[PDB]
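Worksheet: the structure to be examined is printed underneath.
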Amino acid sequence: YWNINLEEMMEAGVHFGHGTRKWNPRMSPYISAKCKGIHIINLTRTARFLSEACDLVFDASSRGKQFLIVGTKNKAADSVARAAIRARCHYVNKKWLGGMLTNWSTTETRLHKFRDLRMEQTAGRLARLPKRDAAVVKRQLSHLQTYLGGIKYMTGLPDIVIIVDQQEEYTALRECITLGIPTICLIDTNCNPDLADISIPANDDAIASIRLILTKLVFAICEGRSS
Amino acid sequence: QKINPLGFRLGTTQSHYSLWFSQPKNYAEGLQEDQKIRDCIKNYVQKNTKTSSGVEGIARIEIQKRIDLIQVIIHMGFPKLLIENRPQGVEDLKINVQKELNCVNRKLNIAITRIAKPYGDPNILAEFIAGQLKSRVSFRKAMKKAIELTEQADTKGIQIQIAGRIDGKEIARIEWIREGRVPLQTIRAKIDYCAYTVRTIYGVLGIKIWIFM
Amino acid sequence: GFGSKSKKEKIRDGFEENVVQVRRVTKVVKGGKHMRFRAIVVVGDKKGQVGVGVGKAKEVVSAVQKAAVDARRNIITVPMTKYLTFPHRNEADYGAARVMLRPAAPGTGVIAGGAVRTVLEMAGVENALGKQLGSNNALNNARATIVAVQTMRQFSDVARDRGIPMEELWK
Amino acid sequence: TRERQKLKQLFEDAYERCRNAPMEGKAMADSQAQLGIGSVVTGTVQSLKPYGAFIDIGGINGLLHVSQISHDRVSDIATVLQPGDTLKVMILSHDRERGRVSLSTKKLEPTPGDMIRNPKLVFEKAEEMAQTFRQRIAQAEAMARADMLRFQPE
RNA sequence: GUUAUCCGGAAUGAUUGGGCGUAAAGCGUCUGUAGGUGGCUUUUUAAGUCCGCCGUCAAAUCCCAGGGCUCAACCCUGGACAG
RNA sequence: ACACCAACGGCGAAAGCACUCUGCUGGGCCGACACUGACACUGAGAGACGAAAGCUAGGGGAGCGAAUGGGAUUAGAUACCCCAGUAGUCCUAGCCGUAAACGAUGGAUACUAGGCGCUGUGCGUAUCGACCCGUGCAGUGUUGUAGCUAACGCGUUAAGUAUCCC
RNA sequence: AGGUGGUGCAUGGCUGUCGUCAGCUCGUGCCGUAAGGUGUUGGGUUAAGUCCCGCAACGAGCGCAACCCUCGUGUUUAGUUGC
């Protein structure tokens with residue numbers, strides 16, 4: 005069914021939008037009101053597009069796939085990881101590389117090296133070599149730990165990618181549009197509904213609104229695994 | 003320009019061939035003897051297999067002198083092609099090699115061994131690209147053919163340089179193709195190379211093959 | 138590094154390939170003046186499935202097949218309703234190459250300029266006639282036909298779009 | 050086969066993106256304190272400046288803004304103001320430059336409401352959602368291992 | 001086969017079918033005569049416009065269909081869209 | 001000739017226009033229906049104005065300064081440098097009618113995201129008064145969506161979409 | 001047969017030089033219609049494209065360095081023709 009009451013969003017930071025002279029006017033038949041230097045998002049079409057969002061997420065996992073979620077902002081960094089360890093999904097820790105989806109051959113070989121270095125890190129032969137080799141392995145393992153630590157459990161492309169709002173990850177988003185991979189994401193008051201093909205326009209100033217829509221879709225995916 | 007690898011690595015990982023230890027005037031005369039042995043073996047197999055069909059590919063001719071007896075090892079890749087089937091190939095080798103060493107009538111054992119994988123040995127592979135390139139086949143078909151022909155037979159890295167006067171030209175070129183690591187500077191790395199000169203009809207070609215193993 | 142790429146080349150019965158031009162394009166450096174090969178490969182089955190692709194590399198054949206791998210990720214399908222011809226006439230420019238395509242009777246082999254004719258004889262259409270208005274170029278020409286045959290509509294989807302039930306069509 | 054599957058996926062999504070768009074519907252010491260981004264506690268104002276109020280919040284640095292403070296109808300005080308006061312603040316923008324947190328009262332916020340069909344079914348699944356939420360939140364331990372045998376992706 | 005003449009290609013004189021920031025090209029700017037184009041509603045005549053009918057645009061040519069030369073070229077009989 | 005004011009500022013059709021004051025006089029913008037009722041746009045040929053240098057006539061002539069003259073640099077220097085310095089520069093009355101007279105973009109109307117500005121007025125808020133916020137228009141500028149473009153870029157002041165006229 | 005006859009602008013091999021200067025490219029991806037760029041640019045730091053951070057780039061090859069010889073200090077072992 006996947007409902008959310010209108011009052012649960014209407015109380016929290018959902019209509020609590022963004023700045024009133026920064027609006028990108030492809031929301032001009034969309035945005036409801038404006039108050040005190042902050043936009044007011046129309047919540048009817050918001051919840052309907054979230055109804056559609058959970059229909060098209062739960063249906064896509066009902067076919068049986070693996071989903072992906074991007075996490076980069078450092079305002080919603082660990083909340084995605086909480087929204088991805090229980091939900092079985094593979095996730096971006098803090099920061100993104102341009103090429104992790106489209107140039108995935110070299111990323112795949114980079115996972116050969118990252119898999120071998122985790123195999124050496126577990127095996128206890130790390131203390132054999134002195135501080136030089138241990139320093140190099142800790143540095144490259146730190147950088148791959150920054151990116152590839154959260155997506156070790158993926159081979160191939162996902163079906164639906166859900167991203168940190170719009171700003172920091174136009175890179176990952178445009179790799180998704182080049183690959184054709186459908187994405188269902190969050191929109192601010194001043195961004196594009198036509199980048200992805202369905203997305204969920206709600207402000208992400210609130211951590212609890214991010215925890216709201218992401219927690220909603222986490223139970224959508226886990227009930228997708230419920231089979 | 004660049005130093006050649008078999009010269010550069012002689013202290014370690016590459017051993018000499020003419021392995022006999024002597025004194026100065028006797029050093030010059032032993033070098034006489036070595037050069038005439040390599041002449042008789044090379045000219046021998048070139049004649050008695052020029053009448054035969056294919057290429058032989060004799061890579062190394064090691065000459066050793068323990069006692070007054072000379073071990074001669076011949077490292078070709080295709081050793082069944084040589085003999086006249088009882089052993090008479092190596093017997094007639096031993097005849098014509100005995101023809102030019104009998105100052106002191108000391109015995110010599112001509113042996114013959116197999117190359118482990120003949121495509122991976124740059125003198126033999128250089129002879130192959132020499133043979134096909136001496137036939138009217140382009141640089142690209144023959145040279146890529148040598149590359150995939152090599153990588154099916156287990157070689158880490160390879161560099162092929164073919165020198166001037168390719169198929170029809172009056173301006174010399176150099177054309178080199180590399181795959182994998184070929185570190186020419188790393189002294190431990192054990193690169194074996196060959197430098198064969200193809201004597202064509204419209205000129206002279208130069209093939210220089212580096213193999214990193 | 139398994140060797141010889143026998144299974145991996147995918148013998149290309151599904152897509153037949155041809156070049157349409159291989160121009161040697163060159164850049165100068167401090168050392169001198171060195172060239173690479175830009176080849177334009179148009180891939181496509183005769184089912185109605187084509188696409189261009191450029192490539193450049195210092196070898197000829199790696200530039201051709203590299204342009205092919207760029208090309209076989211760039212495919213449109215041809216709206217070609219009738220007995221292997223076109224629904225209606227079309228014109229669409231790209232850059233400064235304008236291309237007029239016009240459907241033909243079935244007793245007419247494809248008549249166009251070399252790039253347009255190359256992407257149509259690979260497109261499996263048999264009955265067209267396309268004049269080229271503008272450039273002597275081959276890449277923007279062919280890519281202008283590709284844009285000139287994306288935007289082309291059948292009668293069934295225009296009948297579906299307008300909502301009109303059906304008439305005014307012989308077949 | 051993989052390419053065809055990808056194409057089919059894309060079609061599904063574009064149709065899923067075809068059905069319902071139609072119809073439907249001072250500061251240096253504070254900077255030193257911010258070694259680490261984590262931990263909210265009750266927002267502490269430790270500087271005040273028109274444009275907003277700057278606010279230590281359990282180890283995290285926040286920014287309340289005027290429009291996001293309580294409206295003041297009282298006789299006397301500087302609007303925005305806050306001096307050393309300790310105020311319950313909700314987590315808003317979380318400013319990206321220097322990694323701050325923004326804080327916002329947000330107002331009365333009365334919004335017009337449109338009636339939605341199936342609320343009978345729509346309350347029931349909201350209840351189900353609340354039950355799933357109560358089952359959620361898990362503080363300690365890390366999944367992982369499940370043992371298995373690792374294999375090359377190729 | 002070469003040459004000469006003409007058309008094409010040539011959208012390279014452009015109605016179909018081009019251009020004018022920088023490639024050839026916007027007058028130095030402005031007033032205004034002739035002339036060109038022109039807001040909305042209602043009514044009238046029909047000059048333009050459209051439809052019917054009628055007359056004519058010779059015959060030969062071109063197009064269709066038959067027929068004749070052993071076929072074709074060519075000749076002949078009938079018919080007509082355009083305009 | 002008019003420093004600071006001088007501003008990516010205001011006005012003019014363009015060229016141009018800045019020390020202040022006065023007189024005569026053009027043009028713009030905004031509001032109310034106060035009036036007429038398409039009187040509109042463009043404009044061949046035509047007419048006017050048109051920086052600077054130039055010329056006729058008469059004044060005036062401090063500075064600057066083609067030509068010229070001397071000194072220097074230089075192989076040489078008719079040139080850059082320096083010292084004198086005539087026409088000219090200014091004004092009256094004319095003639096000349098050209099300039100990178102440039103926004104390198106003829107004019108007019110209608111329509112097509114925004115952000116940040118400035119100038120002029122208009123309404124409402126706020127006070128009852130200067131502010132200050134939004135705005136209705138007109139004009140001027142800067143980034144920029146769509147679209148166009150060979151590209152650079154232009155983008156409500158289009159080089160966009162269309163119509164008209166030269 | 002012989003050719004130290006010609007052509008080093010028909011060549012191979014070899015070598016010098018810029019210079020032991022720190023670069024030169026490639027694969028995949030992205031940008032541009034395209035030649036091309038991006039990496040290799042920027043902030044530091046090195047003898048070094050050496051290394052670290054940010055970055056539509058991610059990696060890799062040759063380059064640099066090390067492994068090679070010699071001179072440096074000490075240990076173990078062997079003492080003649082040497083002490």
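Protein chains in written order, with the deposited numbering: chain b, 5 to 231; chain c, 3 to 215; chain e, 138 to 308; chain 8, 50 to 74, 249 to 377. Cβ atoms here follow ideal geometry from the backbone N, Cα and C, with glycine treated the same way.
In the segment 139-153 of chain e, which residues sit with their C-beta less than 7 Å from some C-beta in chain c, listed in chain order? Against chain c - using a Cβ distance shorter than 7 Å - the residues of the segment 139-153 of chain e are 140, 141.
Candidates 155 (chain c), 31 (chain c), 167 (chain c): closest to residue 201 (chain c) by CA position: Taking the second sequence and counting its residues from 1, the one referred to as residue 201 (chain c) is at position 199. In this structure, 167 (chain c) is the residue among 155 (chain c), 31 (chain c), 167 (chain c) with its C-alpha nearest to the C-alpha of residue 201 (chain c).
Residue 370 (chain 8): contacting residues in chain b (beta-carbon distance under 8 Å): Along the fourth sequence, one-based indexing puts residue 370 (chain 8) at 147. Correct list: empty, because the minimum Cβ distance to chain b is about 13 Å.
Using 8 Å as the limit for Cβ to Cβ distance, is residue 59 (chain 8) near chain b? Your numbering for residue 59 (chain 8) matches position 10 in the fourth sequence. Interface with chain b (8 Å Cβ-Cβ cutoff): residue 59 (chain 8) is included.
If you draw a straight line from the alpha carbon of residue 5 (chain b) to that of residue 64 (chain 8), how long is it in whole angstroms? As a working mapping, residue 5 (chain b) is identified with position 1 in the first sequence. As a working mapping, residue 64 (chain 8) is identified with position 15 in the fourth sequence. Residue 5 (chain b) and residue 64 (chain 8): Cα-Cα distance of roughly 20 Å.
Between the C-alpha atoms of residue 10 (chain b) and residue 232 (chain e), what's the straight-line distance to the nearest angstrom? Sequence index remark: in the first sequence, residue 10 (chain b) carries index 6 (1-based). Sequence index remark: in the third sequence, residue 232 (chain e) carries index 95 (1-based). Looking at the two C-alpha atoms, the distance is approximately 50 Å.
Counterpart residues of residue 134 (chain e) in DSSP-defined beta bridges: Beyond the ends of chain e as shown, which are 138 and 308, falls residue 134 (chain e); an answer cannot be given.
Relative to chain e, which residues along the segment 145-160 of chain c have a C-beta separation below 7 Å, given in chain order? Taking a C-beta cut-off of 7 Å against chain e, the contacting residues of the segment 145-160 of chain c are 150, 153, 154, listed in chain order.
Quick check on the burial criterion: 16 or more other C-beta atoms within 10 angstroms. Buried or exposed for residue 211 (chain e)? Reading the third sequence from its first residue, position 74 is the one you call residue 211 (chain e). Residue 211 (chain e) counts as exposed, since fewer than 16 other C-beta atoms from the protein chains shown sit within 10 angstroms of its C-beta.
Between the segment 195-208 of chain e and the segment 220-236 of chain e, do three or more beta carbon pairs fall short of 8 Å? Using a C-beta cut-off of 8 Å, the segment 195-208 of chain e makes no contact with the segment 220-236 of chain e, since fewer than three inter-stretch Cβ pairs fall below that distance.
What's the call for residue 305 (chain 8), buried or exposed, on a 16-neighbour Cβ count within 10 Å? The count along the fourth sequence starts at 1 and reaches residue 305 (chain 8) at position 82. Counting Cβ neighbours within 10 Å, residue 305 (chain 8) comes out buried, since at least 16 surround it.
Look up residue 196 (chain c) in the DSSP assignment and give the residues it is bridged to. Along the second sequence, read from residue 1 onward, the residue named residue 196 (chain c) stands at position 194. In DSSP, residue 196 (chain c) forms a bridge with 211 (chain c).
Could you tell me which of 191 (chain b), 211 (chain b), 186 (chain b), 194 (chain b) sits nearest to residue 61 (chain 8), measuring between CA atoms? The sequence position of residue 61 (chain 8) within the fourth sequence is 12, counting from 1. Taking the Cα of residue 61 (chain 8) as reference, the smallest distance to any Cα among 191 (chain b), 211 (chain b), 186 (chain b), 194 (chain b) is reached at 186 (chain b).
In this structure, what does DSSP give as the bridge partners for residue 177 (chain e)? Here residue 177 (chain e) is taken as the residue at index 40 of the third sequence, counted from 1. Looking at the DSSP output, residue 177 (chain e) sits in a beta bridge with 158 (chain e), 191 (chain e).
Run through the DSSP bridge pairs and tell me what residue 23 (chain b) is partnered with. One-based indexing of the first sequence puts residue 23 (chain b) at position 19. Bridge partners of residue 23 (chain b): 42 (chain b).
Which of helix, strand or coil DSSP assigns to residue 205 (chain c): Walking along the second sequence from the start, residue 205 (chain c) turns up at place 203. Here residue 205 (chain c) sits in coil by DSSP.
Touching by the beta-carbon criterion (3+ pairs, under 8 Å), the segment 118-137 of chain b and the segment 20-33 of chain c: No: the two stretches stay apart, fewer than three of their Cβ pairs being nearer than 8 Å.
First and last residue of the beta strand (DSSP E) that includes residue 68 (chain c)? Counting from 1 along the second sequence, the entry for residue 68 (chain c) is found at position 66. According to the DSSP assignment, residue 68 (chain c) belongs to the beta strand (DSSP E) that extends over 60-69.
Interface flag, residue 39 (chain b) vs chain 8, CB-CB below 8 Å: In the first sequence, the residue the question calls residue 39 (chain b) occupies position 35. Interface residue, yes.
Helix or strand or just coil, what does DSSP make of residue 264 (chain e)? The sequence position of residue 264 (chain e) within the third sequence is 127, counting from 1. Three-state result, residue 264 (chain e): strand.
Is the shortest distance between the beta-carbon of residue 273 (chain 8) and the beta-carbons of chain b less than 8 Å? Here residue 273 (chain 8) is taken as the residue at index 50 of the fourth sequence, counted from 1. Residue 273 (chain 8) does not count as touching chain b.
For a contact defined as C-beta to C-beta under 8 Å, what are the partners of residue 94 (chain b) on chain 8? As a working note, residue 94 (chain b) is residue 90 in the first sequence. What residue 94 (chain b) touches in chain 8: nothing, since even the nearest Cβ is about 13 Å away.
Can you give me the start and stop residues for the beta strand (DSSP E) that residue 219 (chain b) sits inside? Against the first sequence, residue 219 (chain b) aligns to sequence position 215. Residue 219 (chain b) -> not in any beta strand (DSSP E); alpha helix (DSSP H) instead, spanning 211-229.
Residue 116 (chain b) in three-state terms, based on DSSP: Here residue 116 (chain b) refers to the residue found at position 112 when the first sequence is read from its first residue. Residue state, collapsed to three classes: helix.
Proximal chain b residues relative to residue 74 (chain 8), where beta-carbon distance stays under 7 Å: What you label residue 74 (chain 8) is simply residue 25 of the fourth sequence in a count that begins at 1. Per Cβ cutoff of 7 Å: 48, 49, 52.
One or two residues paired with residue 277 (chain 8) in a DSSP bridge: The residue labelled residue 277 (chain 8) in the question sits at position 54 within the fourth sequence. Residue 277 (chain 8) pairs with 270 (chain 8), 286 (chain 8).
Residues near residue 178 (chain c) by beta carbon distance below 7 Å, same chain, minus five either side: Position 176 of the second sequence, counted from the first residue, corresponds to residue 178 (chain c). Its chain contains 161, 162, 163 as the residues whose beta carbon lies nearer than 7 Å to that of residue 178 (chain c), once the 5 sequence neighbours on both sides are disregarded; these appear in chain order.
What does residue 65 (chain 8) touch in chain b if you count any residue whose Cβ is under 7 Å from its own? Here residue 65 (chain 8) refers to the residue found at position 16 when the fourth sequence is read from its first residue. Under the 7 Å cutoff, chain b gives 60, 202.
Any idea what DSSP makes of residue 263 (chain 8), helix, strand or coil? For this step, residue 263 (chain 8) is matched to residue 40 along the fourth sequence. Coil.
Short Cβ contact (8 Å threshold) for residue 179 (chain e) with residue 191 (chain e): If you number the third sequence from 1, residue 179 (chain e) lands on position 42. If you number the third sequence from 1, residue 191 (chain e) lands on position 54. In this structure, residue 179 (chain e) sits away from residue 191 (chain e), with a CB-CB distance that is not shorter than 8 Å.
Integer Cβ distance of residue 124 (chain c) from residue 194 (chain c), believed to fall under 8 Å: Taking the second sequence and counting its residues from 1, the one referred to as residue 124 (chain c) is at position 122. Taking the second sequence and counting its residues from 1, the one referred to as residue 194 (chain c) is at position 192. Confirmed, Cβ separation roughly 6 Å.
Report the option in 64 (chain b), 140 (chain b), 176 (chain b), 156 (chain b) whose CA atom is closest to the CA atom of residue 368 (chain 8). Numbered from its first residue, the fourth sequence carries residue 368 (chain 8) at position 145. Nearest neighbour of residue 368 (chain 8) by Cα position, chosen from 64 (chain b), 140 (chain b), 176 (chain b), 156 (chain b), turns out to be 156 (chain b).
At 9 Å on the CB atoms, spell out the chain b contacts of residue 319 (chain 8), in chain order. Counting from one through the fourth sequence, the residue named residue 319 (chain 8) turns up at place 96. In chain order: 77, 78, 79, 171, 172.
Closer than 8 Å, Cβ to any Cβ of chain 8: which residues of the segment 203-221 of chain b, in chain order? Here the close residues are 209, 210, 211, 212, 219, 220.
Which residue from 173 (chain e), 250 (chain e), 222 (chain e), 138 (chain e) puts its Cα closest to that of residue 276 (chain e)? Within the third sequence, residue 276 (chain e) is the residue found at index 139, counting from 1. When only C-alpha atoms are compared, the closest one is 250 (chain e).
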